[PDB]
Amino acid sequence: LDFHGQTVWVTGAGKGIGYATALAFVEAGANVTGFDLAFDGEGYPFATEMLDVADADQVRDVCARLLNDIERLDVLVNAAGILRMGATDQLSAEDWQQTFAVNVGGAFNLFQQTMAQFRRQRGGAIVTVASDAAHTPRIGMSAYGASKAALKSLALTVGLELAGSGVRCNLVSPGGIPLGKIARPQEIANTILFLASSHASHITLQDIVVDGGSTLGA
């Protein structure tokens, strides 16, 4: 999978799946910009933008400024996300609010700021990290799964809104079933790179669940 010369944006890039995906794109030759609230790790071999992707004004300022400097946004990866668990009637107001602000609002803001670019360039790919909790109800994850279901629905309608522009828009949903150990970020990133690649050129509005089969196909 070769991404030489391509411009790639990744949110949630300070840690977890976003970091692994940014790194995988850098190793595949891409020019990568990572977005996250904090960059507290010891090494980032890509350009970083430290902001709250849940904040519509911050995303507007930064993305408008960067789009003024690039010719093409080849790949957007939405990988921001937080997990706050609890019985539905015990979850705090803060955990409910922040779950939706980050897990749905972040991608919404990125979409608001990039859809015109995707339309005007024709083409490109978007991959959004959802969750298998969006596919089946999971005790303790009512808010998390609901936020990821909103995110998936949003990303699919964006994919329909951009299909006439030739943009591909897909999702990955991370976690003897489960089959194997839980998937590492490095392996989620492999699936994102596949969906971002020319080897997936007629794949859009799809969601690959990468959880060892735990949803039994749902």
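So that the term is clear: the rigid core is the largest set of C-alpha atoms that superpose within 1.5 Å between two forms. All residue numbers refer to positions in the sequence shown, first residue = 1.
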{"item": "Between 89 to 97 and 72 to 80, the one whose CA atoms sit farther away in 6 other deposited structures of this protein (rigid core aligned)", "value": "89 to 97"}
{"item": "Segment of greater CA departure in 6 other deposited structures of this protein, 22 to 30 or 179 to 187, core superposed", "value": "179 to 187"}
{"item": "Sequence continuity check, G175 and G176 (deposited residues unmodelled)", "value": "10 or more"}
{"item": "187 to 195 or 37 to 45, whichever carries the higher mean Cα B-factor", "value": "37 to 45"}
{"item": "Mean C-alpha B-factor comparison - 19 to 27 and 205 to 213, higher one", "value": "19 to 27"}
{"item": "Residue of maximum C-alpha B factor among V129, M115, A93, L76, per deposited coordinates", "value": "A93"}
{"item": "Selection by C-alpha B-factor (highest) of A155, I70, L162, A149", "value": "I70"}
{"item": "Position of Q98 among the chain's modelled residues by C-alpha B-factor, lowest, middle or highest third", "value": "middle"}
{"item": "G86, C-alpha B-factor rank within chain (lowest, middle or highest third)", "value": "middle"}
{"item": "Entry-reported Cα temperature factor of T136, expressed as the chain third it lands in", "value": "middle"}
{"item": "Position of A64 among the chain's modelled residues by C-alpha B-factor, lowest, middle or highest third", "value": "highest"}
{"item": "CA B-factor placement of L51, once the chain's modelled residues are sorted into thirds", "value": "middle"}
